[PDB]
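> Here's a sequence, model it:
(one chain, ligands or ions: 1)
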Amino acid sequence: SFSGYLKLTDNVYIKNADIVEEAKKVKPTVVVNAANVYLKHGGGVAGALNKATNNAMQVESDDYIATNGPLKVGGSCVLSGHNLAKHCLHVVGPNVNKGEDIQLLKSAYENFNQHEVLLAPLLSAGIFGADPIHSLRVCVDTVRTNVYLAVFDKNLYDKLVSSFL
Ligand SMILES: N[C@@H]1CCCc2c(O)cccc21
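Numbers count the residues shown, from 1 in each chain. Here you go, the structure:
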């Protein structure tokens, strides 16, 4: 199971880890991807997860988009987890660098409540431009299921833990 996590609340855990390496190790039922509405996994967490699947995630995603159209900001879809997990929950947090509504971050985290346990990154953090301290706060105040957060950056992980209220 998940090891080396710091417990933040009854259901939220956090670790300084590369979510790709964490997924390859744990092979959780659900790994969350920091997706965009087009499921174009170019960079950040999405680029890294997709590269770990040898682009199989992108091939599956393009078929999903061809059939269903784009996701909504704040929405999600469940696809295969490939070699990383049973499933990948592609969740679209608002991208403040694209001028999207930060208020949709709570709606994005609500998708996690449909899964009893998840390995996840902080939504809208990194290249999505939101404040990761705010993302962690929204996560702990929204998600009720068991979420294991992987924070790639050690300095950000330390800042998140040391400032956690
Ligand atoms: N590797 C096991 C397979 C069974 C499901 C599961 C999970 O939900 C979370 C963490 C690890 C695992």
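> Quick check: nearest residue in space to residue 109, chain neighbours excluded?
Counting by CB to CB, 6 or more residues apart in numbering, residue 142 is the residue found nearest to residue 109 once chain neighbours are left out, at 4.0 Å. (Each C-beta comes from the backbone N, C-alpha and C, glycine too.)
> What of residue 16?
Excluding its sequence neighbours, the residue lying closest to residue 16 (CB to CB, 6+ apart) is residue 157, at 3.7 Å.
> can you confirm the one you found is in a strand?
No: counting by DSSP: H, G, I helix; E, B strand; the rest coil, residue 157 falls outside a strand, being helix.
> what's near enough to touch it?
For residue 157, the contacting residues are 14, 15, 16, 151, by CB atoms under 8 Å, 6 or more residues apart in numbering.
> Now the second one. Nearest residue, chain neighbours left out?
Taking CB to CB, 6+ apart as the measure, residue 15 lies nearest to residue 5, with 4.6 Å between them; neighbours along the chain are not counted.
> repeat for the first one
Leaving aside its sequence neighbours, residue 14 sits nearest to residue 149 (CB to CB, 6+ apart; 4.5 Å).
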